[PDB]
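Taking it in order: structure first as structure tokens, then the write-up.
What follows draws every value from the coordinates through simple rules; no lab data is involved. Here the Cβ positions follow ideal geometry from the backbone for every residue, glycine too, while neighbour counts run over all protein chains shown.
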Amino acid sequence: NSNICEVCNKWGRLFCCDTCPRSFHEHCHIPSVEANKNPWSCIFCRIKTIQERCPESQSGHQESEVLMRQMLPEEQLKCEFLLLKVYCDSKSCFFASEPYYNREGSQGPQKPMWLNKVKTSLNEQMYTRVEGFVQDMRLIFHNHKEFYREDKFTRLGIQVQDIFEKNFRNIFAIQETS
Ligand SMILES: [Zn+2]
Ligand SMILES: [Zn+2]
Ligand SMILES: [Zn+2]
């Protein structure tokens with residue numbers, strides 16, 4: 001197994017996957033690494049299994065169809081993995097905790113959003129459809145773009161949104177287009 005956490009790339013108290021060489025801090029894994037379970041399989045392995053069990057799940061999908069899916073166990077897991085993929089980028093630190101807004105010439109968003117709030121919402125099963133999760137994720141970056149206006153810091157929002165959107169298209173097998 002790896003000697004650093006797959007998500008934050010630091011050593012520490014790590015839990016090892018039994019079916020692949022990845023390792024995780026307890027609360028870096030999503031969901032948090034389970035108390036017992038021997039063997040234990042990580043979220044990467046659990047997602048791979050879903051695909052292997054239903055090869056046709058990788059055929060192209062319409063985003064509109066994906067968004068209306070109810071959050072049954074498999075869709076719950078996929079949103080958890082997509083969240084984890086965002087945390088895997090070091091630039092997610094800017095969007096992780098609750099923001100505050102006091103900049104000359106800007107006003108804060110009407111509905112603030114951040115990754116830890118989405119993490120909690122997933123953990124507490126507050127989303128009934130994929131759309132709920134995706135809307136809050138996209139709101140994070142849209143709030144950032146609107147607030148930081150012409151400051152070059154706006155680009156961090158563009159960058160992390162691109163990681164989100166690429167991983168969304170991959171995980172939910174969205175039909176490729178030009
Ligand atoms: Zn970690
Ligand atoms: Zn694994
Ligand atoms: Zn099948």
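Using amide H atoms built 1.01 Å from N in the peptide plane, name the residues 5+ places from residue 61, or on other chains, whose amide H lies under 5 Å from its own.
174, 175
Can you tell me the dipole magnitude for the chain around its Cα centre, using point charges on the Cβ only (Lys, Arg +1; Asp, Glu -1), in Debye to the nearest 20? Display every interim value, and only then the final one.
Numbers: 23 positive and 23 negative charges, 71 e Å.
Using Cβ point charges on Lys, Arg, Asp and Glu, the chain gives about 340 debye.
List the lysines whose Cα lies under 27 Å from the Cα of residue 78, skipping any in the same chain that are fewer than 8 positions away.
Filter leaves 10, 37, 48, 91, 111, 117, 119, 145, 166.
When the Kirkwood hydrodynamic radius is evaluated over all pairs of different C-alpha atoms of segment 100-142, what value in angstrom, to one decimal, is obtained? Please list the in-between numbers first.
Numbers: mean 1/r = 0.0868 Å⁻¹.
One over the average 1/r among Cα pairs gives 11.5 Å for segment 100-142.
Can you give the percent of C-alpha pairs in segment 66-138 whose distance is more than 15 Å? Don't skip to the answer; put the middle values down first.
Values: 1491 of 2628 pairs.
Cα-Cα pairs of segment 66-138 separated by over 15 Å account for 57 percent.
Residue-wise, which Karplus ³J(HN,Hα) couplings in Hz belong to segment 24-34, taking 6.51 cos²θ - 1.76 cosθ + 1.60, θ = phi - 60°, and x for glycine or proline?
Karplus values, whole Hz, x for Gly and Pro: 9, 5, 3, 8, 7, 4, 10, x, 3, 4, 6.
Among 58, 76, 101, whose Cα projects farthest towards the positive end of the dipole of segment 1-158, with charges put on the beta-carbon of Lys, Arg (+1) and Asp, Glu (-1)?
Sorting the options by dipole projection puts first 101.
From the backbone phi of segment 121-136, what are the Karplus-calculated ³J(HN,Hα) couplings (6.51 cos²θ - 1.76 cosθ + 1.60, θ = phi - 60°) in whole Hz, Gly and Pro given as x?
4, 4, 4, 8, 6, 8, 9, 9, 9, 3, 3, x, 5, 4, 4, 4
Order of 32, 90 from fewest to most other C-beta atoms within 10 Å?
Values: 32 14, 90 10.
Ordered from fewest to most neighbouring Cβ atoms within 10 Å, 32, 90 come out as 90, 32.
Through the Karplus equation 6.51 cos²θ - 1.76 cosθ + 1.60, θ set to phi - 60°, convert the phi angles of segment 41-46 into ³J(HN,Hα) values in whole Hz; use x for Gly and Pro.
For segment 41-46, the Karplus-derived couplings read 10, 6, 5, 4, 5, 5 Hz, x marking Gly and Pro.
What list do you get for 93, 17, 88 if you sort them by fewest beta carbons within 10 Å? Walk me through the intermediate numbers first.
Values: 93 13, 17 22, 88 16.
Taking fewest neighbouring Cβ atoms as first place, the list is 93, 88, 17.
On alpha-carbon atoms, Rg over Rh for the chain using Kirkwood Rh? Walk me through the intermediate numbers first.
On the way: Rg = 17.1 Å, Rh = 17.4 Å.
On the Cα set of the chain, Rg over Rh gives 0.98.
On a C-alpha basis, how far is the centre of segment 1-61 from the centre of segment 149-166 in Å? Whole number, if you could?
First find each Cα centre; the distance between them is then 27 Å.
Take 153, 81, 164 and order them by how many other Cβ atoms sit within 10 Å, fewest up front. Kindly include the intermediate steps, with their values, before the conclusion.
Details: 153 12, 81 19, 164 22.
Starting with the residue having the fewest Cβ neighbours, the order is 153, 81, 164.
For the residue pair residue 100 and residue 37, what label-to-label distance in nm results when each label sits 7 Å from Cα along the Cα-to-beta-carbon direction?
Going by the 7 Å Cα→Cβ label model, 3.7 nm.
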